[PDB]
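Visitor: so I pulled this structure from the PDB, and the sequence comes with it:
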Amino acid sequence: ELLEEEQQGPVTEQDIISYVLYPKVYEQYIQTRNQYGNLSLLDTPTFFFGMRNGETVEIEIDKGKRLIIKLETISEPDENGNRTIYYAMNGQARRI
Amino acid sequence: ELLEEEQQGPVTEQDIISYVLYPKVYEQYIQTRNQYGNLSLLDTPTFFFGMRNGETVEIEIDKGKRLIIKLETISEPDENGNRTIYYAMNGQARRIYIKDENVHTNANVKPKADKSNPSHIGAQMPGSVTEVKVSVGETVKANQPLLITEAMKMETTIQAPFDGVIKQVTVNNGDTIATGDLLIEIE
């Protein structure tokens, strides 16, 4: 009842026991999952370091379907410390 | 006659005496008009200083027609000293390439070598290029010196793996390199 209230809805038996064993850590894992998704699919170098300019990274999402990400550039920080990253996802231009 | 032939073929009276009066300068104006268009339309600050990151410039062309230019960002120079500018011009993503005129000499970013490609030779260690010994289009034998580098006061000479042809040389004398940068491509 606590986890179902917190997350969107349906929780598994594996969630229940993970929370019990590690309340804080599990709660933190959900928040990161909500923000970033399934990080475990990144290759380790990308997981630890991100990407360099001109680099292209493939993320294996599933058998025969992959996420193709190219980092083109990172801009200067604006007046609010916000840098613009110019990406190329699956053939489409993309800014963050 | 001469001015009609050089250009497309309009030429006015104002063009004719202008040439007669200043032959060297008029031709050099024509070249510039052909390269950059009517620069007089620019506002002075932009004419003298270009554009800041994030700035929006409005260029009044004519009654009710204007270029709305925003400079978003300028990349690092690629291996050739070519920087990429990211503009937006009347609601349209835009990319332009400008050679940087030796204001860094070596801060060119080298593309990284595809390690699963035999034609790609990459840098084994960080260091400096001491001497480029071959250029693009040249035929080389196997074991031929192509390049000398200096890592930590120590000189290694980079050699051709197989008999073939140089298709791109990525560096110049004095450029610094990091582990994994492409230096030469040969077939």
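Guide: Here it is on my side, so go on. Numbers count the residues shown, from 1 in each chain, chains lettered A, B, ... in the order given.
Visitor: OK, now which residue of chain A is nearest to chain B?
Guide: Residue nearest to chain B within chain A (C-beta to the nearest C-beta): residue A:75, separated by 4.0 Å. The C-beta positions use only the backbone N, C-alpha and C, and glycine is treated the same way.
Visitor: so which bits of the longest strand belonging to chain A are buried?
Guide: The single longest strand within chain A, with elements called by DSSP state E, is strand A:65-74. For strand A:65-74, a neighbour-count test (16 or more other C-beta atoms under 10 Å in any protein chain shown) marks A:69-74 as buried.
Visitor: name every strand pairing with whichever helix or strand comes after it and say which way it goes.
Guide: Counting by DSSP states H and E, the next helix or strand C-terminal to strand A:65-74 is strand A:85-89. According to DSSP bridges, strand A:85-89 has the following sheet partners: strand A:65-74 (antiparallel), strand A:92-95 (antiparallel).
Visitor: in strand A:85-89, what's buried?
Guide: residue A:86.
Visitor: distance between it and the chain's centre?
Guide: Mean C-alpha position of strand A:85-89 versus that of the full chain (C-alpha atoms, centre = their mean, to the nearest Å) differs by 15 Å.
Visitor: go on, stretch A:47-56?
Guide: Counting by C-alpha atoms, centre = their mean, stretch A:47-56 comes out at 14 Å from the chain centroid.
Visitor: contacts for it, please.
Guide: A:39, A:57, A:68-74, B:75-76, B:109, B:111-112 (C-beta atoms under 8 Å, 6 or more residues apart in numbering or on different chains).
Visitor: next one: the longest strand of chain A to chain centre, how far?
Guide: That offset, for strand A:65-74, works out to 13 Å (C-alpha atoms, centre = their mean).
Visitor: quick one, longest helix in chain A?
Guide: For chain A, the helix with the greatest residue count under DSSP state H is helix A:23-36.
Visitor: helices or strands next to it in the packing?
Guide: helix A:13-21 (3 or more C-beta pairs under 8 Å, 6 or more residues apart in numbering or on different chains; DSSP states H and E).
Visitor: now the helix it packs on, how far from the centre of its chain.
Guide: 22 Å.
Visitor: and if you look at stretch A:24-31?
Guide: A distance of 15 Å separates the centroid of the chain from that of stretch A:24-31, by C-alpha atoms, centre = their mean.
Visitor: list the contacts for residue A:10?
Guide: residue A:4.
Visitor: point to the residue nearest the middle of chain A.
Guide: By C-alpha atoms, centre = their mean, chain A has its centre lying nearest to residue A:36, at 2.8 Å.
Visitor: let me see the contact set for that one.
Guide: So residue A:36 contacts nothing (C-beta under 8 Å, 6+ apart).
Visitor: re the thing from before, return the next helix-or-strand element following the longest helix of chain A as PDB; C-alpha atoms alone will do.
Guide: Moving toward the C-terminus from helix A:23-36, the next helix or strand (DSSP H and E) is helix A:44-49. Output of helix A:44-49 as PDB, limited to C-alpha atoms (Å, rounded to 0.1, in the frame of the first residue of the first chain):
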ATOM      1  CA  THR A  44      29.800   1.000 -18.900                       C
ATOM      2  CA  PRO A  45      32.000   3.800 -20.400                       C
ATOM      3  CA  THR A  46      28.900   5.800 -21.400                       C
ATOM      4  CA  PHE A  47      27.400   5.100 -18.000                       C
ATOM      5  CA  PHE A  48      30.500   6.500 -16.200                       C
ATOM      6  CA  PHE A  49      31.700   9.300 -18.600                       C
END
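Visitor: show me which residues of the following helix or strand past helix A:44-49 are buried.
Guide: Toward the C-terminal end, the helix or strand that comes next after helix A:44-49 (DSSP H and E) is strand A:56-62. Neighbour-count burial for strand A:56-62, counted by 16+ other C-beta under 10 Å, picks out residue A:57.
Visitor: tell me the strands beside strand A:56-62, with direction?
Guide: strand A:65-74 (antiparallel).
Visitor: ok, residues contacting the strand it pairs with?
Guide: So strand A:65-74 is in contact with A:51-61, A:83-91, B:73, B:75-76, B:84, B:86, going by C-beta under 8 Å, 6+ apart.
Visitor: try it again with 10 Å
Guide: The contact list for strand A:65-74, computed with C-beta atoms under 10 Å, 6 or more residues apart in numbering or on different chains, reads A:41-42, A:46, A:50-61, A:83-91, A:93-96, B:72-76, B:84, B:86, B:95.
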